[PDB]
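J.: My questions all concern the structure below.
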Amino acid sequence: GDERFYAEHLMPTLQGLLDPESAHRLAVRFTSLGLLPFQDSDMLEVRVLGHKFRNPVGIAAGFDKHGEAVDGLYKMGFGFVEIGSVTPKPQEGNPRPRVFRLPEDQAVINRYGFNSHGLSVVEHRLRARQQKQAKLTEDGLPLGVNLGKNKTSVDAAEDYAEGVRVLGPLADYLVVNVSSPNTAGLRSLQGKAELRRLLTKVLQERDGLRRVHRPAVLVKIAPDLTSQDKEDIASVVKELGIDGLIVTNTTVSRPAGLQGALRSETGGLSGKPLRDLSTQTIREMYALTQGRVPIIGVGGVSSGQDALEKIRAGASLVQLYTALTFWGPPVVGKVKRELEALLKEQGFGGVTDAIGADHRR
Ligand SMILES: Cc1cc2nc3c(=O)[nH]c(=O)nc-3n(C[C@H](O)[C@H](O)[C@H](O)COP(=O)(O)O)c2cc1C
Ligand SMILES: C/C(O)=C(\C#N)C(=O)Nc1ccc(-c2ccccc2)cc1
Ligand SMILES: O=C(O)c1cc(=O)[nH]c(=O)[nH]1
């Protein structure tokens with residue numbers, strides 16, 4: 001496993017031979033079979049959400065939408081895996097092309113639209129390795145399951161409720177994904193009244209599961225929220241005792257300076273141009289929740305510094321996806337190695353010590 005080789009030769013050649021969706025599909029395939037190219041120190045261990053995480057670097061939702069490559073992803077060095085988004089019924093998503101690379105920006109735009117094998121398929125896939133996962137979790141490698149809703153559903157809350165009932169028993173944590181920019185009307189569920197109603201139902205359904213099968217519940221939010229939106233989300237989270245937040249999904253904004261020819265494609269923008277917008281959203285949400293609500297920080301993480309900035313801003317854990325598509329699997333070890341070195345350099349005894357450090361200076 002060599003960073004230079006992947007960054008300079010393998011990935012650019014892959015990007016030059018296949019379209020983005022094809023590259024994604026082949027990657028899931030390769031990862032699922034364990035055809036892949038760092039020893040986690042105690043400094044990187046985090047205890048949150050009722051679990052030990054051997055390192056704080058996870059794979060973000062969207063890469064493994066259907067739970068096909070979980071074990072290969074742990075082998076890649078991720079401290080936790082999130083699969084999904086999964087919808088109740090199977091659905092195809094948007095017509096192709098629906099994924100676009102912006103190499104000049106180290107960015108991606110996608111409009112997949114919740115292409116999903118559906119709950120039943122994912123349920124059986126996870127059941128086939130349920131005890132293996134139980135041991136992985138105990139060993140500090142938890143599993144998250146990200147829930148979406150069907151395009152033609154009349155009752156959004158019931159979609160998420162069904163997700164809780166079916167995949168909740170198989171997950172260490174669940175994500176109520178109300179932040180995809182690619183499903184019409186979905187982001188409106190972030191509004192105060194809609195969110196409270198939705199999350200009340202979700203939490204009731206979760207509380208009804210047997211104790212060993214009872215996951216933490218997190219809400220994944222957009223980077224495009226107004227100050228009022230963020231205030232309201234913070235209020236509802238505290239009112240209902242939501243276990244955590246995932247911050248953030250992709251942006252519908254197109255920051256000044258984007259160079260990629262494909263910058264004006266419809267969809268969610270990810271990668272470097274999203275990075276600081278996400279970090280600032282983490283920072284705001286941490287403050288609004290008084291540091292009492294665990295945050296998983298996501299968006300434009302490609303290095304140790306990127307990870308630590310989100311951690312200092314208030315994230316207990318981080319995730320990446322887009323960086324993997326540019327630098328390949330070696331980015332995981334790179335992020336962890338750089339993060340460890342930076343923690344030492346900045347006087348932190350571990351990740352835990354650095355969580356929210358910016359707010360205390
Ligand atoms: C191709 C693609 C598909 C994605 N699909 C999902 C999804 O199904 N559910 C979800 O919550 N986030 C999804 N995401 C968003 C990521 O989980 C993450 O929040 C975002 O991409 C920012 O992280 P990054 O810059 O490291 O990619 C997707 C992102 C991309 C790149
Ligand atoms: C949307 C998406 O996943 C991509 C694009 N564009 C993409 O390139 N993904 C990807 C992710 C991982 C890998 C990879 C490369 C080597 C070994 C295992 C996996 C290759 C490609
Ligand atoms: O299109 C999707 O499936 C999707 C894309 C994205 O960026 N975020 C998300 O939650 N879903």
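For neighbour counting, all protein chains shown are included, and Cβ atoms are generated from backbone atoms with ideal geometry for every residue, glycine included. Coordinate-derived values only; no laboratory data.
J.: Show that you can apply the helix-only estimate: for the chain, add -39,500 (n - 2.57) for every DSSP H stretch of four or more residues, divide by all residues, and state [θ] at 222 nm to the nearest 500. Provide the component values of the computation, followed by the final result.
T.: Values: 13 runs with 136 residues, N = 361.
About -11000 deg cm²/dmol.
J.: Ratio of Rg to Rh for the range 45-187, alpha carbon only, Kirkwood? Mind showing how you got there, number by number?
T.: On the way: Rg = 15.4 Å, Rh = 15.7 Å.
When Rh is taken as the Kirkwood radius, the ratio is 0.98.
J.: Would the chain count as rounded, prolate or oblate if I go by the C-alpha gyration tensor, calling it rounded below 1.5 in a/c and otherwise prolate when a/b exceeds b/c, oblate otherwise?
T.: On the way: a/c = 1.20, a/b = 1.10, b/c = 1.10.
Since a/c stays below 1.5, the shape of the chain is classed as rounded.
J.: Also, I was wondering about something else. Mind listing the long-range amide H neighbours of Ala60? Cut-off is under 5 Å, sequence gap 5 or more, other chains count too, H placed in the peptide plane at 1.01 Å from N.
T.: For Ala60, whose amide H was placed from the backbone, the distant partners under 5 Å are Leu320, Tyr321.
J.: Could you give the nm distance between label points at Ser264 and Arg47, where each point is 7 Å from its Cα heading toward the beta carbon?
T.: Each label point is offset 7 Å from its Cα along the Cβ direction, giving 5.5 nm.
J.: Let me ask something else about it. Looking at the range 268-361, what % of the alpha carbon pairs are farther apart than 20 Å? Don't skip to the answer; put the middle values down first.
T.: Working: 1395 of 4371 pairs.
Tail fraction, whole percent: 32.
J.: Here is a further query. Could you order peptides 226-239, 281-294, 302-315, 209-222 by the average number of other Cβ atoms within 10 Å of their residues, highest first?
T.: Values: 226-239: 16.3, 281-294: 20.1, 302-315: 24.6, 209-222: 18.4.
Descending packing order for the listed peptides: 302-315, 281-294, 209-222, 226-239.
J.: Can you say what percent of the DSSP beta bridges in the chain, counting only those with both residues inside, are antiparallel? Round to 5. Walk me through the numbers before you get to the answer.
T.: Values: 13 of 42 bridges.
Antiparallel bridges: around 30 percent, rounded to the nearest 5.
J.: Another question about this same structure. Between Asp358 and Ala256, with labels modelled 7 Å along Cα→Cβ, what's the label distance in nm to one decimal, could you check?
T.: 2.2 nm
J.: For the range 5-14, take each phi angle, set θ = phi - 60°, evaluate the Karplus expression 6.51 cos²θ - 1.76 cosθ + 1.60, and give the result in whole Hz per residue in order, putting x for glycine and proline.
T.: Computed from phi, the couplings for the range 5-14 are 4, 5, 5, 9, 10, 5, 5, x, 5, 4 Hz.
J.: With the alpha-carbon atoms as the only input, what is the per residue convex hull volume for the range 1-113 in Å³?
T.: Per residue, the Cα convex hull of the range 1-113 comes to 142 Å³.
J.: Moving to a separate point now. Can you work out ³J(HN,Hα) from phi for every residue in the range 210-219, in order, using Karplus 6.51 cos²θ - 1.76 cosθ + 1.60 and θ = phi - 60°, giving whole Hz and x for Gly and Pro?
T.: With coefficients 6.51, -1.76 and 1.60, one gets 4, 4, 6, 10, 9, x, 5, 10, 10, 10 Hz.
J.: List the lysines whose Cα sits under 21 Å from the Cα of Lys135, skipping any in the same chain fewer than 8 residues away.
T.: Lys52, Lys75
J.: Rounded to whole Hz and in sequence order, give me ³J(HN,Hα) for the range 72-84 from the Karplus expression 6.51 cos²θ - 1.76 cosθ + 1.60, θ = phi - 60°, writing x for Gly and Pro.
T.: x, 5, 4, 4, 5, x, 5, x, 7, 10, 10, 9, x
J.: For the range 219-239 and the range 67-141, what is the separation of their Cα centres, given in Å?
T.: First find each Cα centre; the distance between them is then 25 Å.
J.: Quick check: from the Cα gyration tensor, does the range 17-82 come out rounded (a/c under 1.5), prolate or oblate? Mind dumping the intermediate values first?
T.: Details: a/c = 2.71, a/b = 1.97, b/c = 1.38.
Prolate shape, in that a/c is at least 1.5 and a/b is the bigger ratio.
J.: What's the center-to-center distance, using Cα atoms, between the range 253-301 and the range 3-25 in Å?
T.: Rounded to whole Å, the Cα centres lie 24 Å apart.
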